[PDB]
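J.: The structure that follows is given in the form of structure tokens.
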Amino acid sequence: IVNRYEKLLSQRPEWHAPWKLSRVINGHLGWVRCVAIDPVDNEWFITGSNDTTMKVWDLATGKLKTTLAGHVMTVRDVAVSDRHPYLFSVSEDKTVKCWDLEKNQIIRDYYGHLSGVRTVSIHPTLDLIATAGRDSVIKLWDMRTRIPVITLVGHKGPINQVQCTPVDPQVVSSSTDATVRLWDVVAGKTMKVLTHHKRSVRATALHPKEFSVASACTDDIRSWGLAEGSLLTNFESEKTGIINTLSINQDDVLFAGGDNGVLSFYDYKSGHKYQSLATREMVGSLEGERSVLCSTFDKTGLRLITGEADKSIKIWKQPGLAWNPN
RNA sequence: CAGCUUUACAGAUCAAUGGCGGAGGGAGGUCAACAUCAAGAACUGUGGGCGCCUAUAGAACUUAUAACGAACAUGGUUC
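According to the entry's author numbering, the stretch in the first sequence is residues 111 to 428, 438 to 445, in order.
The structure is reproduced here in structure tokens:
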């Protein structure tokens with residue numbers, strides 16, 4: 111309609127600074143298909159991989175702190191907790207393990223997932239984590255009693271990212287069924303099922319200050335306030351690659367990594383793509399490989415960290440692009 | 001052999017003041033329920049001074065070749 115387009119044209123987005131590559135830390139001998147940082151501090155960030163390991167990394171130096179070898183198969187995801195000094199990690203060996211960070215050694219392997227487990231999210235407020243695998247089910251664990259407390263049946267296929275919010279919409283799943291769910295853990299049921307994607311929403315992330323949750327199928331990055339479970343915006347992601355990552359920055363600077371490796375940045379809520387970045391790879395590696403598989407920002411937000419399939423981790427420092444809608 | 005404090009004693013006037021006072025058990029069970037027993041050598045309250053000082057106090061148990069055991073098993077997890 112003309113009534114909306116005109117309005118869109120009238121409104122302007124804020125000039126977010128562009129992004130330039132800063133650090134590249136070829137250290138893993140495998141994909142680096144998870145990355146995470148400490149809520150409390152931003153000194154280190156760990157990165158689980160197809161190595162089977164996960165390595166810890168000092169941001170400032172870029173130096174490899176230490177390794178951790180508590181899986182058999184490849185690590186798919188990790189989550190350092192704000193409220194406790196535990197690092198949860200999870201691998202396609204079906205193990206959702208829990209590393210003490212006072213001793214850097216596993217403690218509570220949680221057992222229950224029938225098959226390769228894709229993501230963890232620690233609940234920001236509770237002493238409870240949430241994991242989901244190709245199982246097609248998101249189980250919540252009491253961390254003390256290392257048992258699945260509840261489980262969330264709804265989904266009809268493998269479930270990827272499964273973020274935890276502190277409100278009522280306490281889990282924000284995202285499947286290959288292309289539904290992204292909002293659940294009520296307490297009710298033992300769904301509350302609202304965002305079906306707006308076309309394909310496997312293989313990426314989703316909570317906004318820090320804004321109580322919303324960007325989510326990405328093969329192209330269209332939707333983003334939504336999950337209070338009602340209502341759409342907020344659609345991003346200009348029109349011919350970008352298969353969106354692997356979908357991290358959001360503190361300053362409303364949503365990042366999206368592709369299977370292409372084209373690092374695409376967007377103003378959040380606007381839905382305005384305001385940068386593209388061509389990937390890079392090593393002289394030995396192939397041009398098809400290069401692809402940002404996992405990524406996240408620091409708590410401040412000036413450094414984006416992208417794990418790419420070059421067996422690398424690339425950290426990114428910081438005139439905006441013209442609007443032009445449909 | 002003097003002095004004062006307590007019991008055992010008559011019969012008292014019984015005020016005065018104390019102390020034993022709502023004055024009423026003891027010994028024990030291979031009997032329970034609860035609490036609590038590894039922490040700044042580490043305890044608990046009380047007010048007052050304003051999470052911390054200063055007086056009150058209380059305190060059973062376990063500990064310095066460090067422990068509830070002058071005793072010694074088995075698991076689970078990683079390496």
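Where a beta carbon is used, it is the ideal one built from N, C-alpha and C, also for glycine.
For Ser322, which of helix, strand or coil comes out of DSSP?
T.: Here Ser322 sits in strand by DSSP.
J.: With distance defined between alpha-carbon atoms, name the residue in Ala297, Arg309 and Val272 nearest to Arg291.
T.: Among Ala297, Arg309 and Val272, the Cα nearest to that of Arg291 belongs to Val272.
J.: Taking C-alpha atoms, which residue in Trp154, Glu391, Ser333 and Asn370 lies nearest to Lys349?
T.: When only C-alpha atoms are compared, the closest one is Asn370.
J.: Mapping DSSP to helix, strand and coil, what is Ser120?
T.: Helix, per DSSP.
J.: By DSSP, does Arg309 sit in helix, in strand, or in coil?
T.: Coil.
J.: With a CB to CB cut of under 6 Å and the five nearest residues on each side skipped, what residues in its chain are close to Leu236?
T.: Taken in chain order, the list of residues that qualify is empty.
J.: In the structure shown, what three-state DSSP assignment does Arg218 receive?
T.: Three-state DSSP puts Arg218 in coil, outside helix and strand.
J.: Considering only DSSP beta bridges, list what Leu373 is partnered with.
T.: Answer by DSSP bridge pairing, in chain order: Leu387.
J.: How far does the beta strand (DSSP E) with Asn344 in it reach, from first residue to last?
T.: Where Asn344 is concerned, the enclosing beta strand (DSSP E) stretches over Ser340 to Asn344.
J.: For the beta strand (DSSP E) containing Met164, list its first residue and its last residue.
T.: From DSSP, the beta strand (DSSP E) with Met164 extends over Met164 to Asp168.
J.: Need the endpoints of the beta strand (DSSP E) that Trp442 sits in, please.
T.: Careful: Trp442 lies outside any beta strand (DSSP E) and carries neither H nor E.
J.: Relative to the alpha-carbon of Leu250, which residue among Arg193, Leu373, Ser231 and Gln428 has its alpha-carbon at the smallest distance?
T.: Residue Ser231 is the option with its Cα nearest to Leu250.
J.: Which residues mark the beginning and the end of the beta strand (DSSP E) in which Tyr196 is found?
T.: Counting along the chain, the beta strand (DSSP E) containing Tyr196 begins and ends at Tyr196 to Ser201.
J.: Write down the C-beta distance between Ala240 and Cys274 rounded to the nearest angstrom, noting that I regard them as a contact closer than 8 Å.
T.: Indeed they touch by this definition, with Cβ atoms about 5 Å apart.
J.: Using a Cβ distance threshold of 8 Å, determine whether the segment 355-372 contacts the segment 277-286, with at least three qualifying pairs required.
T.: The answer is no - the segment 277-286 does not touch the segment 355-372, with fewer than three Cβ pairs under 8 Å.
J.: When you compare the CB positions of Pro234 and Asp210, do they come within less than 8 Å of one another, or not?
T.: Their beta carbons are not under 8 Å apart, which means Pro234 does not touch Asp210 by this criterion.
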